[PDB]
Structures are given as C-alpha cells and as structure tokens.
Amino acid sequence: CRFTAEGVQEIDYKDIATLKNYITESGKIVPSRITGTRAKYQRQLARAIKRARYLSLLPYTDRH
Amino acid sequence: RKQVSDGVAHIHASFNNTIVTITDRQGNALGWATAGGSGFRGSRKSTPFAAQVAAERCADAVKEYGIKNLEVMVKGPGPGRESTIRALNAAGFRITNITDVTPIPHXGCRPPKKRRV
Amino acid sequence: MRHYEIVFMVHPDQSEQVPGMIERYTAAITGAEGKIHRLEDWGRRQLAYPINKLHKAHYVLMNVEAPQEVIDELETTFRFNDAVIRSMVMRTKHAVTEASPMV
Amino acid sequence: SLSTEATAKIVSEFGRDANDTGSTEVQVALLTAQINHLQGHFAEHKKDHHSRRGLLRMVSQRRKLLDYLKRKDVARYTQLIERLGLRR
Amino acid sequence: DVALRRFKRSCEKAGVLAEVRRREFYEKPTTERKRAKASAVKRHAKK
RNA sequence: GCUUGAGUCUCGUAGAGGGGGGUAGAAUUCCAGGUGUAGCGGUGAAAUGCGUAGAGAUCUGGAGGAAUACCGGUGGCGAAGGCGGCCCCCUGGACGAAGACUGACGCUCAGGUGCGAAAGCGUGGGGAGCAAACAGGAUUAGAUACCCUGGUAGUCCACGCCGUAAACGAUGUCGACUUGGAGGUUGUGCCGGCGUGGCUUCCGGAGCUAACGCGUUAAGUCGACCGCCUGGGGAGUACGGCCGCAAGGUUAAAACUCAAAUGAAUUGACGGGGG
Ligand SMILES: CN[C@@H]1[C@@H](O[C@H]2O[C@H](CO)[C@@H](N)[C@H](O)[C@H]2O)O[C@H]2C[C@@H](N)[C@@H](O[C@H]3[C@H](O)[C@@H](O)[C@H](N)C[C@@H]3N)O[C@@H]2[C@@H]1O
Ligand SMILES: [K+]
Ligand SMILES: [K+]
Ligand SMILES: [K+]
Ligand SMILES: [K+]
Ligand SMILES: [K+]
Ligand SMILES: [K+]
Ligand SMILES: [K+]
Ligand SMILES: [Mg+2]
Ligand SMILES: [Mg+2]
Ligand SMILES: [Mg+2]
Ligand SMILES: [Mg+2]
Ligand SMILES: [Mg+2]
Ligand SMILES: [Mg+2]
Ligand SMILES: [Mg+2]
Ligand SMILES: [Mg+2]
Ligand SMILES: [Mg+2]
Ligand SMILES: [Mg+2]
Ligand SMILES: [Mg+2]
Ligand SMILES: [Mg+2]
Ligand SMILES: [Mg+2]
Ligand SMILES: [Mg+2]
Ligand SMILES: [Mg+2]
Ligand SMILES: [Mg+2]
C-alpha cells in the first residue's frame, strides 16, 4: 500500500494523478486485492474517486 | 447514394439475434442486416455464423456509399460479437477502432424474475 | 464556526465574472467573522464528461472557516446563480492552507 | 452530544470542582442538559427511532442516578431536582 | 486479429459479459448473500 | 467506609448506525424529431405480441420514476428488524490512550412499555422498471402451473395501522474461569519488529455431546435472573377474553384417536446428483 508507505492522512479527491492509478481504463475503481491498498485507504480512495467523478475531474465511465 | 468513406458498424449482439447497422459518424443509418433476416430462424439465428452472414449482407447494403473505414460499436452478450467484426474486416473495410458499448446500469431498474426451467 | 472546502465550477463564458464572484463570496464570508484559509482559481479545465453540453468549466477552490448560516446562504447563491454549473461544499476537520495538487 | 464548553459549565455549576465530573449531581445535570437539548431534535425528527433509543438510555440512567442519590442523601436529591426542574 | 484479440482481452478485463449475465435476471438479496457466503467459504477452502 | 463492578469527564479513532434536505452519473421506459427498411421479439421449438399507419436498429433532444455498477471484503455499523453513490444539517452508539472524578450507583426482569423484514390495510401522492391477480400464447392426457407475450394491485413517498417471518447462531441476558494455531477489521504503546486493547472469521485440544458437532465468540467449568418444554395426531385449532379498520394477532383447551411420532448416525438401495 503506497498510502500507508507515505503516511497519508486522507486521500485528496483533488489529487487526480494519484487517483488515476486506482481506476481502470473504463473508469472503474480497482480492487484493493489488485493494488494491495489497505482497507482503511481503499475506503478513503473510493470516497475520493466518487467526489472527483462528481466534480468531473475523473470519468464515471469510458463512454460518456 | 452519397459518399461517406468513414462510417460506424453497430453490432447489436443479443442472445437470440444479431443486428448489424452501418451508419455514418453522425449515427444516420445507411444500411442494416440481421441474422434472422439472413436465412436463419430459431437455433441457427443465434449463432456466430448467422451473425457473419448478417455482417456480409450489411456490407453489401452499404457498397453504394463507398465506405472504407469503419469504427465498430459492439453492444450486448450475444454469439455475434466477434464473428461480425471478422466478417467486416473480410469485406474489405478497415477497422479503425472497436468499442464495447454494452449498456450497464450503475446500480438501475429491477430486471425480470429468474426463469424456473 | 466550522471549516468548509468549497469547489464551484463556472460556465466558461462567465470566466470573466469569476474574479467578481470570488470577491463577492469572500466578502460574504469575512463579513460574518469568517476566514479564507485558501483560495485557488484553477481556471478553465477540460471536464471529464459533458455537463449541460459544456466540455470545459472554470474551477475555483476555497477553504473557508465560517458560521453554518453563511455557508447555507452561499449554497443558495450557487443554486440560483446560472453561471455556477456545479458546486461541492465539504466539511473539513481542520483549516487547510497548503497548495492543492492542481497548482 | 453536549459541547465541551456546555459540559464544563455544568461540571462547574454542579460539582465540588472542575475535576468533580463523577458526582451524581454532575452526571444528572449532564444527562438533563442533553435530554432537554434533544427534545428539539425529536420534535423535528419523530421517526429517528435509533437516536431515541440513546435518549431513553439517558432518561433511564438519570432515573437510576436520582434513585441512588435519593436513598443516599435525600437533601442533595431535593436540591438537585429543584435546580434542574425535575418532577422526581 | 491483434487488435481484435486486444479488444477481446479488454472486454474480459472489464468483465462486460459477466456483468450482463449477472443482470439478465433479478437475484433476491437472500440469494446474493447466500452465493457471497458460498464464494467466501470456497476461497477459504482454496487456502 | 473502600475501589476492583458500574458510571462521569478530558483527547482522539473507525463505521451502509439513525432522521432530514440536496445532488450526480449509468441504465430502463416513454415522448418528439432525423437517418433507414423489413423485419423485430421470443423459445427447447413455437406462437401470442410488435412492425410498411415505417418497427427493430442508430442518432439528437426532452420527460419521469426507481435503484445506486466498480469500490465490495467469513468488510463495517446497528438491540434486533436492518443499513450501501456523493454532499450538507440534526443526531445515537462503540472503541482506544493517559489521567482525574463518583463510590456498588450493579445484574436480571413476570406484568408494562417501546422498536420490529416482507406481505397486507387506511388516507393522500407517485408510478420508470418489476409484478400477485388477470388476459392471451405455448407445453401437456389435462396444465387453473412451470416457459412466452402482455399486465393491475403492489413495489416508491408522507402519515397512520398491522405486530408477524426458517424475525436463525433454530443457541436468553449478565459475570467469572479453562491448552493452542492461522486470518480479517479497528485503536494504541515502545523500538521493521516487539507488545497491548475492541470487534470479527477459520481450524482444533481438554472437556462436553445421542451423535452430528461445540470448543475462550462453548454446546466446557461455574454463579444470578428470566423465558420455555413434558408422546404423536386432534391444534397453536375451537370457545371465551384482549388487541386490530380488516386481514388477522395474542392468550389457549377438550372429546376423540394412535403405539408410536422424533433426533443423530450406520449399512444398502435409489436419484431426471457428481466423478
Ligand atoms: C463461532 N460462532 C459460530 C456461530 O456464529 C454466530 O454467533 C456468533 C455469536 O456467538 C456471532 N458472532 C456470529 O456472527 C453468528 O454467525 O454460529 C454457529 C452456527 C452453528 N450452526 C454452528 O455452525 C456450524 C455448522 O452447523 C456446520 O454445518 C458447519 N460445517 C460449521 C459451522 N461452524 O456453529 C456456529 C459457531 O458457533
Ligand atoms: K447554479
Ligand atoms: K425490576
Ligand atoms: K402497475
Ligand atoms: K460416531
Ligand atoms: K443476574
Ligand atoms: K428473559
Ligand atoms: K393424546
Ligand atoms: Mg425474459
Ligand atoms: Mg455519527
Ligand atoms: Mg457488530
Ligand atoms: Mg413481557
Ligand atoms: Mg411493505
Ligand atoms: Mg398503500
Ligand atoms: Mg413483465
Ligand atoms: Mg410473466
Ligand atoms: Mg413466532
Ligand atoms: Mg434475518
Ligand atoms: Mg443469518
Ligand atoms: Mg425461535
Ligand atoms: Mg471447532
Ligand atoms: Mg446439548
Ligand atoms: Mg388462533
Ligand atoms: Mg382468540
């Protein structure tokens, strides 16, 4: 888990370059079992991505 | 009648049938064929072969328009997903891009009840 | 007084009204004994998907400390301002003063 | 819940000190403060049953503390219920 | 054929046809939880 | 009196806990328009159905309801029922660290009271999708079914009612004690290790168990209090009472009848179970 390894407090919805690593080409949130993210950070990540999607900083889907 | 050069093949690959519609990139249809209208009913209609023949008959329908480039939009779970694209390449269209456009609800509506066969 | 992070997205046509919007909104905050801990005009960005046919919008980020009342009032301002296509108000635990990942 | 400042005010009024947070009088005053505060919440939110279960625990705890205080020291009980405006 | 094999693999990656098959019919929540528990116990028996 | 049970305070942590309000994107349906032309749809196969009055397909715009893909997990939270996009507002509980404080304030609980899935009921809304009833098409010896095409209540919202479920861990609550191993989740101390809490899984020892199994989350060893059982059927029925708008719920017999009914496990045989 990158986030534990950097002592990250909360994942930022604004940090798009980070968040892009945890979404697929389709825009789907990648499972923690693939990425090795800790459960606590996977939940923060999911929330951050959902916030970023609302603000149209990330796509919901590859075919908008 | 008029020329286009670059259109879009829409493959509606259902479990029961394959509809192939070639449009321009504005989505205006030029021609179409179906496995069901290609001499296949029942079991045979829902096969990759019947979908291939539909792809060929659709290519015949759009030959007047003189299309060379197709973007392929594949929609649905059916047998005619792959066979239709191979047949379009074999008809001498250049396949520029293959997108899956299968509609997925992000939840959406309650589906029909399970069949007790 | 609570800490809030406000992002609002302005219609790209009204990009020239954004300096005016910022000074109006920040005055409404500081008028009621609030504090602007951070303001960042990100400018016009490509939207990840279309909103009301717009493929771009002008983003502003504000981290504010304010009474709940004026933030409720600023939310009503966003709703009725036709230029503001989308907004998000979020509570933060503490004041955020540092540069965003955008800058 | 009760704010840090509201809590500390009640501890001052009802304790023998700022440290005297454990006193039955303080506990009853703190529970009374929040019971009274939550009446406004449940006026608006009549179907917040989950929160109301927490309110009814506050009510039950206060009753048990008052009954303790009554049997230990009736005069302290009498003073307390007067200050807080409780029936019993 | 490279680009078609690439499209095929991209669809398997995204799990499109698994998603369509799942959504063809309604699964009661009881049935969903029952199969989730079955998948958990199977994955554990793998270990 | 005491502080060890039980509470209070201080700082912090995780969480689909609850109530209210807002909003987003995907999709279905519908409406309108463009392109286009003979099919579509459906099945085991069909047919009903839809389509030249132009469907289906495809594109554009619009309307509306409902649900929130991925994340997602023997993951989390909640007394249980249950709770899942995002945002705000109001709000309940749990847990940890270190310390202070109260001083047995506790445990259990008949009656009582509250909460209580789904269906159902009342009034007023809403209605996309789904779908009891219903209709038609099949299938069949028949087919009041399974399958298909439709489709109303209902599912959704507000408020009120109902009070039941295999409401299950088929395991009442509280406390104490009794070898281990491997995980998950969530705190925390110290220096990637080493500890120490909460919650939660799998396996297993003693012990227990009819056996199956349970096994520090006990079905072990004990204590407190409550609930409940006393052969099968008749019957959770009748009658009466209470409750309910009703549907019904709840409390709850008897005659009569049988010599069984039952649990677990064993050997076969059998399966339109598997290999
Ligand atoms: C470890 N606790 C478990 C319990 O969990 C339940 O109670 C706990 C509280 O004590 C809860 N925390 C938990 O959420 C809840 O599920 O459920 C019981 C159910 C019971 N039929 C048996 O299962 C066995 C099966 O009967 C058997 O067929 C299977 N092979 C193995 C199972 N263990 O033993 C388990 C076991 O005792
Ligand atoms: K607006
Ligand atoms: K009692
Ligand atoms: K209906
Ligand atoms: K045995
Ligand atoms: K007890
Ligand atoms: K009891
Ligand atoms: K008898
Ligand atoms: Mg169907
Ligand atoms: Mg909370
Ligand atoms: Mg729990
Ligand atoms: Mg009772
Ligand atoms: Mg209901
Ligand atoms: Mg109704
Ligand atoms: Mg239907
Ligand atoms: Mg039907
Ligand atoms: Mg019962
Ligand atoms: Mg249940
Ligand atoms: Mg269960
Ligand atoms: Mg029971
Ligand atoms: Mg065991
Ligand atoms: Mg036993
Ligand atoms: Mg009865
Ligand atoms: Mg009766």
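Scope of the values below: all heavy atoms of this structure, side chains included, with no hydrogens, waters or symmetry mates. Chain letters run A, B, ... following the sequence lines, proteins first, then strands; residues in each count from 1.
A sub-4.0 Å separation between OP1 or OP2 of F:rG160 and a side-chain N or O of D:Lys47 is present. Remark: A:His64 is in phosphate contact with F:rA26, judged by side-chain N or O atoms under 4.0 Å from OP1 or OP2. Look at C:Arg91 and you'll find a side-chain N or O under 4.0 angstrom from OP1 or OP2 of F:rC89. Residue A:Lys50 places no side-chain N or O under 4.0 Å from the OP1 or OP2 atom of F:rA26. Checking the phosphate oxygens (OP1, OP2) of F:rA57, no side-chain nitrogen or oxygen of B:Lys75 falls inside 4.0 Å. A sub-4.0 Å separation between OP1 or OP2 of F:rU23 and a side-chain N or O of C:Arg86 is absent. Phosphate proximity of F:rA104 to D:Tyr68: present, with a side-chain N or O under 4.0 Å from OP1 or OP2. For the pair D:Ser1 and F:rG92, the criterion of a side-chain N or O lying under 4.0 Å from OP1 or OP2 is met. In terms of phosphate contacts, E:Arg33 brings no side-chain nitrogen or oxygen within less than 4.0 Å of OP1 or OP2 of F:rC168. Regarding contacts with the backbone of F:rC11, a side-chain N or O of D:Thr4 is found under 4.0 angstrom from either OP1 or OP2. Contact between the side-chain N/O atoms of A:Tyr41 and the OP1/OP2 oxygens of F:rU186 is not found at any separation under 4.0 Å. One finds no side-chain N or O of D:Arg53 lying less than 4.0 angstrom from the OP1 or OP2 phosphate oxygen of F:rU113. Between D:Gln34 and F:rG92, a side-chain N or O to OP1/OP2 separation shorter than 4.0 Å is present. OP1 and OP2 of F:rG75 both lie 4.0 Å or more from every side-chain N or O belonging to A:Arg38.
Pucker annotation for F:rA53 reads south, on the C2'-endo side, since its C1'-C2'-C3'-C4' dihedral is below zero. Sugar conformation at F:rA235 is south: the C1'-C2'-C3'-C4' dihedral has a negative sign, consistent with the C2'-endo side. F:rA259: sugar pucker south (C1'-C2'-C3'-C4' torsion negative). Sugar pucker of F:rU217 is south, as judged by a negative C1'-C2'-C3'-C4' dihedral. South puckering is assigned to the sugar ring of F:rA143, since its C1'-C2'-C3'-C4' angle is below zero.
Side-chain rings of D:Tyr68 and D:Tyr77 stay apart, their centers remaining 6.0 Å or farther from each other.
Stacking of A:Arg38 on the aromatic ring of A:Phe3 is not recorded, the 6.0 Å distance cut-off and the 45° axial limit not both being met. Cation-pi geometry between B:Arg1 and B:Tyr65 is not met: the NZ or CZ atom fails to fall both under 6.0 Å from the ring centre and inside 45° of the normal.
If you check F:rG163 against F:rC86, you find neither a Watson-Crick nor a G-U wobble pair with both contacts below 3.5 Å. In this structure, F:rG114 forms no base pair with F:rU188 under the Watson-Crick or G-U wobble definition at 3.5 Å. Pairing status of F:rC130 against F:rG154: a Watson-Crick or G-U wobble pair, both distances under 3.5 Å. Remark: F:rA47 does not pair with F:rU216, failing the Watson-Crick or G-U wobble criterion at under 3.5 Å for both atom pairs. A Watson-Crick or G-U wobble pair does not link F:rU250 to F:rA69 when both relevant atom distances must lie under 3.5 Å.
Its glycosidic angle being within 90° of 0, F:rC105 falls on the syn side. Nucleotide F:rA176 carries an anti base; the chi torsion (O4'-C1'-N9-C4 or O4'-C1'-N1-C2) is more than 90° from 0. The glycosidic torsion of F:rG136 lies more than 90° away from 0, placing the base in the anti range.
Contact of the B:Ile67 side chain with the B:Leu30 side chain is registered, since non-hydrogen atoms from C-beta on lie closer than 4.5 Å. A 4.5 Å side-chain heavy-atom check between B:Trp32 and B:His12 finds every atom pair outside the cut-off. The closest side-chain heavy-atom distance from C:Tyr4 to C:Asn63 is not below 4.5 Å. By the 4.5 Å heavy-atom criterion applied to side chains, D:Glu44 and D:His41 are not counted as neighbours. Put simply, the side chain of D:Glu25 reaches to within 4.5 Å of the side chain of D:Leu69, judged on heavy atoms. Two residues are said to be in side-chain contact when any heavy atoms from C-beta on lie closer than 4.5 Å; C:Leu61 and C:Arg38 meet this criterion. Side-chain contact between B:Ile98 and B:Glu71: absent, with no pair of heavy atoms (C-beta onward) separated by less than 4.5 Å. The closest side-chain heavy-atom distance from D:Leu31 to D:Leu65 is below 4.5 Å.
Taking atom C1' in both F:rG232 and F:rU251, one finds a spacing of 24 Å when rounded to whole Å. Across the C1' atoms, F:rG84 and F:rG72 are found 10 Å apart, a figure rounded to whole Å. With both ends at atom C1', the span from F:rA153 to F:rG51 equals 32 Å, rounded to whole Å. Comparing F:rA132 with F:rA69, their P atoms sit 27 Å apart, to the nearest whole Å.
The base of F:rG19 lies outside donor-acceptor range of the side chain of D:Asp48, with no N or O pair under 3.5 Å. Residue-to-nucleotide contacts include no donor-acceptor pair under 3.5 Å from the side chain of B:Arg110 to the base of F:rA67. Judged by distance alone with a 3.5 Å cut-off, a donor-acceptor contact links the side chain of A:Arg53 to the base of F:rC70. Residue side chain D:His50 reaches the base of F:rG81 through a donor-acceptor N/O pair under 3.5 Å, judged by distance alone.
Donor-acceptor pairing under 3.5 Å is recorded for the side chains of B:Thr23 and B:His10.
An aromatic stacking contact between D:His45 and the base of F:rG19 is absent, as defined here by ring centres under 5.5 Å apart and ring planes under 30° from parallel.
Using a 4.0 Å heavy-atom cutoff across all strands shown, D:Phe42 reaches no nucleic acid atom at all. Among the protein residues, B:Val20 comes within range of no part of the nucleic acid, since none of its heavy atoms lies under 4.0 Å from any strand. Looking at heavy-atom distances under 4.0 Å, D:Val11 makes no contact with the nucleic acid at all. If you check every strand for non-hydrogen atoms under 4.0 Å, A:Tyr54 touches sugar and phosphate atoms only. Using a 4.0 Å heavy-atom criterion, one finds that D:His41 contacts the bases of the nucleic acid, with or without backbone contacts as well.
Listed in residue order, the members of residues 7-16 of chain A having a heavy atom less than 4.0 Å from RNA chain F come to none.
As a whole-Å value, the separation of C:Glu75 CD from F:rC88 P is 10 Å.
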Where protein sits on nucleotides 39-45 of chain F, one letter per nucleotide: B base, S sugar-phosphate only, - none, heavy atoms under 4.0 Å: SSBBBSS
